[PDB]
Amino acid sequence: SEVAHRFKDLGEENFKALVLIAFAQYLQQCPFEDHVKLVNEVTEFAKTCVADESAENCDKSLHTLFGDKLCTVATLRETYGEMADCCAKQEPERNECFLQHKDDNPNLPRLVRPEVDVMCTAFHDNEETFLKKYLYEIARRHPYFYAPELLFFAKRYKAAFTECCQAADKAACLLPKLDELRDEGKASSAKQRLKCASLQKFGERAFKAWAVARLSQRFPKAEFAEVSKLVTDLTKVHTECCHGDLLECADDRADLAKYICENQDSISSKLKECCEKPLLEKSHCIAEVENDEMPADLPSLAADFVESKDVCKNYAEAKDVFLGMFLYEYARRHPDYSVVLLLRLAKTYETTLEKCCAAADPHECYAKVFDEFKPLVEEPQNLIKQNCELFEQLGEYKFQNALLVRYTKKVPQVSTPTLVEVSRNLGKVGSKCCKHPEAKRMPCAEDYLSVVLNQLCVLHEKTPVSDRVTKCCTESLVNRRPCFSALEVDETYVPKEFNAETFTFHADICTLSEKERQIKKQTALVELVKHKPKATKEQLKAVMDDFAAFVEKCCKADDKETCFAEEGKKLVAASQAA
Ligand SMILES: CC[C@@](O)(C(=O)O)c1cc2n(c(=O)c1CO)Cc1cc3ccccc3nc1-2
């Protein structure tokens with residue numbers, strides 16, 4: 001009995017929370033109360049099986065039981081569409097159909113933040129409904145969120161209302177906490193979409209390679225075999241979560257945290273404080289721990305991987321473990337290299353051996369592999385450096401605007417709402433990284449860029465429209481950032497000017513939040529480039545100044561909002577001609 005085994009390992013509160021997540025991530029459109037109802041029926045039944053494993057349907061697989069239960073409300077096609085397809089199939093085809101239909105961008109309303117009082121009240125009314133509502137609204141909007149990590153967010157979200165709703169100043173206590181959750185959640189959501197993309201589109205080998213490089217940078221004192229044990233466990237964990245085996249995911253990860261804390265001494269010296277925290281916090285901690293110091297001396301790599309006379313023999317015995325050791329050994333020594341660079345390096349090294357081990361004295365042919373890594377290291381280095389300089393002398397917003405133009409030009413076919421979100425997010429790399437030293441700037445920057453570009457890829461695949469986007473997204477996971485950086489302006493692009501209402505601001509632009517106000521400013525910049533590309537650089541900055549003041553004043557006009565036409569039509573003319 002599986003549901004019995006998992007129910008007792010995870011305990012009831014989390015079991016219930018994880019089932020609700022699983023339903024909310026598969027049927028993102030079902031209303032909240034329907035999902036709660038289903039989760040409760042499933043929870044009644046689990047207990048039945050805990051009480052008797054030889055009962056009833058207690059011997060079924062989780063996806064059969066859970067899939068059957070979901071389909072009691074999904075099969076209604078007239079309201080869910082293409083999801084009744086999945087309900088016509090049996091496991092495991094049914095689960096695969098659910099995985100294919102996760103929506104990275106469902107047509108759901110913006111999450112709104114009520115007044116602090118309104119929220120504390122709704123919290124006090126029914127604390128448990130308030131929390132499940134949180135789990136539900138986040139999950140359906142982030143169908144790939146790392147499920148056990150979402151439990152931790154709920155925990156903190158609860159603690160924020162519990163504490164701040166009885167502070168003297170409720171707002172001053174509550175708001176900065178939520179803002180912090182909103183921001184960390186967004187980063188965590190994106191980071192985990194990359195994890196699942198790599199698993200699902202590029203396969204297990206890709207995720208393992210990522211894992212060896214990151215855990216080795218993180219745990220450079222650890223023996224190689226230790227890291228492999230860790231890589232293997234971690235790989236099963238994310239394979240389970242991305243495959244929608246959420247109960248197994250949580251359980252296996254909780255065991256993983258345990259194994260780590262009971263063997264810190266063979267892993268890292270940074271884990272002491274983390275391994276004292278409670279269950280959820282402990283696992284949040286370990287997964288993001290700062291890198292350990294690397295051993296003081298360390299050889300030279302060239303000896304075991306270039307000058308040895310057994311390198312072809314080690315490669316031929318087991319490519320995987322030998323290339324793994326290379327990645328292990330090169331990564332431990334380089335916390336200053338991005339994870340992607342480190343993987344380009346291992347691919348270059350792998351490719352070189354496959355060539356040189358042919359014949360004609362291989363030992364002579366592989367002699368300069370490390371001279372090939374040089375330009376691969378230089379390229380990202382100059383990009384980040386050259387970019388931080390540009391950022392520091394422009395400030396996030398103008399930096400964001402510049403990326404917005406350069407990228408609209410790279411791939412103008414791409415929908416505007418997508419260009420805006422990705423650009424703003426790409427631009428965020430300035431604040432996040434440029435503060436850093438050189439020996440910390442690359443992993444901070446490139447891996448973050450890789451996460452943002454994966455968002456581009458997945459928001460685009462749902463409905464493809466740019467060959468170039470599809471090519472970079474499909475061709476090689478590790479090379480995405482280079483493949484996008486190398487794109488120049490699309491010369492084939494045909495502009496679609498005129499206008500109509502896609503430049504006529506309305507009066508409700510005054511009641512929206514300031515960032516949300518830039519979003520319709522930056523939106524309109526995209527339609528400006530998309531239809532008048534090659535408009536240099538400086539009358540772009542002149543049409544942007546012109547949009548700002550026009551909104552500043554027509555919100556001050558106190559008029560019958562006919563100014564939103566007045567200086568609305570006085571820009572349309574200077575914009576085109578001169
Ligand atoms: C329910 C929380 C809250 O309503 C809040 O007041 O902070 C809220 C929460 C969130 N967002 C929001 O726009 C708002 C509204 O600003 C976006 C967003 C992305 C997230 C991604 C991952 C995890 C939690 C997230 N929470 C929020």
# chains A, B, ... in the order shown; residues from 1 in each chain; ligands from 1

call {"tool": "residues_around", "arguments": {"residues": "range 195-205 of chain A", "least_positions_apart": "4", "cutoff": "8 Å", "atoms": "only C-alpha atoms", "output": "PyMOL selection string"}}
result
chain A and resi 144+191+209+235+238-239+242+454+477

call {"tool": "closest_atom_pairs", "arguments": {"of": "chain A", "to": "ligand 1", "cutoff": "8 Å", "atoms": "only C-alpha atoms and all ligand atoms", "output": "JSON lines"}}
result
{"residue": "A:110", "atom": "CA", "partner": "ligand 1", "partner_atom_place_in_ligand_line": "13 (O)", "distance": 6.8}
{"residue": "A:111", "atom": "CA", "partner": "ligand 1", "partner_atom_place_in_ligand_line": "13 (O)", "distance": 4.9}
{"residue": "A:112", "atom": "CA", "partner": "ligand 1", "partner_atom_place_in_ligand_line": "15 (C)", "distance": 4.6}
{"residue": "A:113", "atom": "CA", "partner": "ligand 1", "partner_atom_place_in_ligand_line": "6 (O)", "distance": 4.2}
{"residue": "A:114", "atom": "CA", "partner": "ligand 1", "partner_atom_place_in_ligand_line": "6 (O)", "distance": 7.1}
{"residue": "A:134", "atom": "CA", "partner": "ligand 1", "partner_atom_place_in_ligand_line": "1 (C)", "distance": 6.0}
{"residue": "A:137", "atom": "CA", "partner": "ligand 1", "partner_atom_place_in_ligand_line": "1 (C)", "distance": 7.8}
{"residue": "A:138", "atom": "CA", "partner": "ligand 1", "partner_atom_place_in_ligand_line": "24 (C)", "distance": 5.6}
{"residue": "A:139", "atom": "CA", "partner": "ligand 1", "partner_atom_place_in_ligand_line": "23 (C)", "distance": 7.9}
{"residue": "A:142", "atom": "CA", "partner": "ligand 1", "partner_atom_place_in_ligand_line": "22 (C)", "distance": 6.8}
{"residue": "A:145", "atom": "CA", "partner": "ligand 1", "partner_atom_place_in_ligand_line": "22 (C)", "distance": 7.2}
{"residue": "A:150", "atom": "CA", "partner": "ligand 1", "partner_atom_place_in_ligand_line": "23 (C)", "distance": 7.1}
{"residue": "A:153", "atom": "CA", "partner": "ligand 1", "partner_atom_place_in_ligand_line": "23 (C)", "distance": 7.1}
{"residue": "A:175", "atom": "CA", "partner": "ligand 1", "partner_atom_place_in_ligand_line": "6 (O)", "distance": 7.3}
{"residue": "A:178", "atom": "CA", "partner": "ligand 1", "partner_atom_place_in_ligand_line": "7 (O)", "distance": 4.5}
{"residue": "A:179", "atom": "CA", "partner": "ligand 1", "partner_atom_place_in_ligand_line": "7 (O)", "distance": 5.5}
{"residue": "A:181", "atom": "CA", "partner": "ligand 1", "partner_atom_place_in_ligand_line": "24 (C)", "distance": 6.3}
{"residue": "A:182", "atom": "CA", "partner": "ligand 1", "partner_atom_place_in_ligand_line": "26 (N)", "distance": 4.2}
{"residue": "A:183", "atom": "CA", "partner": "ligand 1", "partner_atom_place_in_ligand_line": "19 (C)", "distance": 6.9}
{"residue": "A:184", "atom": "CA", "partner": "ligand 1", "partner_atom_place_in_ligand_line": "22 (C)", "distance": 7.1}
{"residue": "A:185", "atom": "CA", "partner": "ligand 1", "partner_atom_place_in_ligand_line": "22 (C)", "distance": 3.3}
{"residue": "A:186", "atom": "CA", "partner": "ligand 1", "partner_atom_place_in_ligand_line": "21 (C)", "distance": 4.0}
{"residue": "A:187", "atom": "CA", "partner": "ligand 1", "partner_atom_place_in_ligand_line": "21 (C)", "distance": 7.4}
{"residue": "A:188", "atom": "CA", "partner": "ligand 1", "partner_atom_place_in_ligand_line": "22 (C)", "distance": 6.6}
{"residue": "A:189", "atom": "CA", "partner": "ligand 1", "partner_atom_place_in_ligand_line": "22 (C)", "distance": 5.5}

call {"tool": "closest_residue", "arguments": {"among": "A:44, A:545, A:566, A:103", "to": "residue 506 in chain A", "atoms": "only C-alpha atoms"}}
result
A:566

call {"tool": "closest_residue", "arguments": {"among": "A:315, A:373, A:337, A:484", "to": "residue 470 in chain A", "atoms": "only C-alpha atoms"}}
result
A:484

call {"tool": "residues_around", "arguments": {"residues": "range 251-254 of chain A", "least_positions_apart": "4", "cutoff": "12 Å", "atoms": "only C-alpha atoms", "output": "JSON, numbers by chain"}}
result
{"A": [5, 6, 7, 8, 9, 10, 11, 14, 15, 18, 146, 147, 148, 149, 230, 232, 233, 234, 235, 236, 237, 238, 239, 240, 241, 245, 246, 247, 258, 259, 260, 261, 278, 279, 280, 281, 282, 283, 284, 286, 287]}

call {"tool": "residues_around", "arguments": {"residues": "range 90-102 of chain A", "least_positions_apart": "6", "cutoff": "12 Å", "atoms": "only C-alpha atoms", "output": "tab-separated table (two decimals) with C-alpha atoms, in the first residue's frame"}}
result
chain	number	residue	atom	x	y	z
A	22	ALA	CA	-0.61	18.04	-6.96
A	23	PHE	CA	-4.24	18.72	-7.83
A	24	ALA	CA	-3.68	22.46	-8.13
A	25	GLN	CA	-0.73	21.93	-10.44
A	26	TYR	CA	-2.62	19.47	-12.72
A	27	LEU	CA	-6.04	21.20	-12.87
A	28	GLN	CA	-5.03	24.84	-12.64
A	29	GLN	CA	-8.55	26.12	-13.46
A	60	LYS	CA	-3.19	0.87	-6.05
A	61	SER	CA	-0.55	3.27	-7.30
A	62	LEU	CA	-0.78	6.92	-6.22
A	63	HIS	CA	-1.41	8.19	-9.74
A	64	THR	CA	-4.29	5.68	-10.25
A	65	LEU	CA	-6.03	6.71	-7.01
A	66	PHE	CA	-5.19	10.38	-7.39
A	67	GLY	CA	-5.80	10.49	-11.15
A	68	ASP	CA	-9.16	8.73	-10.70
A	70	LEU	CA	-9.18	14.37	-10.16
A	71	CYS	CA	-11.12	13.10	-13.13
A	74	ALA	CA	-11.88	17.20	-14.88
A	80	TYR	CA	-11.84	22.50	-18.97
A	81	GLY	CA	-11.36	21.66	-22.64
A	82	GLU	CA	-8.40	19.46	-23.52
A	83	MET	CA	-8.05	17.95	-19.98
A	84	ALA	CA	-10.86	15.45	-20.43
A	139	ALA	CA	0.51	26.33	-7.11
A	140	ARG	CA	-1.93	26.71	-9.96
A	141	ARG	CA	0.01	29.78	-11.14
A	142	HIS	CA	3.35	27.99	-10.73
A	143	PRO	CA	2.66	24.39	-11.86
A	144	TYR	CA	6.38	23.48	-11.62
A	145	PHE	CA	7.15	24.93	-8.19
A	193	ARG	CA	11.47	25.36	-14.07
A	196	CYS	CA	12.38	20.33	-14.87
A	197	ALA	CA	13.14	21.61	-18.36
A	200	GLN	CA	12.17	16.54	-19.39
A	201	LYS	CA	13.64	17.95	-22.59
A	241	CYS	CA	8.96	16.22	-8.54
A	242	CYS	CA	9.08	17.07	-12.27
A	243	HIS	CA	7.27	13.86	-13.08
A	244	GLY	CA	4.49	14.81	-10.66
A	245	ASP	CA	5.32	12.14	-8.09
A	458	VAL	CA	9.08	27.69	-22.23
A	459	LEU	CA	6.77	30.69	-22.61
A	461	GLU	CA	7.19	26.75	-26.95
A	462	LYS	CA	3.55	26.86	-25.91

call {"tool": "atom_distance", "arguments": {"atom1": "CA of residue 46 in chain A", "atom2": "CA of residue 3 in chain A"}}
result
5.8 Å

call {"tool": "closest_atom_pairs", "arguments": {"of": "range 524-562 of chain A", "to": "range 417-422 of chain A", "cutoff": "12 Å", "atoms": "only C-alpha atoms", "output": "Markdown table"}}
result
| residue | atom | partner | partner_atom | distance |
| --- | --- | --- | --- | --- |
| A:524 | CA | A:420 | CA | 9.7 |
| A:525 | CA | A:420 | CA | 9.4 |
| A:526 | CA | A:420 | CA | 7.7 |
| A:527 | CA | A:419 | CA | 10.4 |
| A:529 | CA | A:419 | CA | 11.6 |
| A:530 | CA | A:419 | CA | 10.8 |

call {"tool": "select_by_dssp", "arguments": {"residues": "range 218-370 of chain A", "states": "helix (DSSP H, G or I)", "output": "NGL selection string"}}
result
:A and (218 or 224-242 or 246-261 or 264-266 or 274-276 or 279-287 or 302-305 or 311-317 or 319-332 or 339-356 or 362-365 or 369-370)

call {"tool": "residues_around", "arguments": {"residues": "residue 437 in chain A", "least_positions_apart": "4", "cutoff": "12 Å", "atoms": "only C-alpha atoms", "output": "PyMOL selection string"}}
result
chain A and resi 336+384-385+388+433+441-445

call {"tool": "atom_distance", "arguments": {"atom1": "CA of residue 439 in chain A", "atom2": "CA of residue 376 in chain A"}}
result
16.4 Å

call {"tool": "closest_residue", "arguments": {"among": "A:523, A:493, A:380, A:500", "to": "residue 404 in chain A", "atoms": "only C-alpha atoms"}}
result
A:523
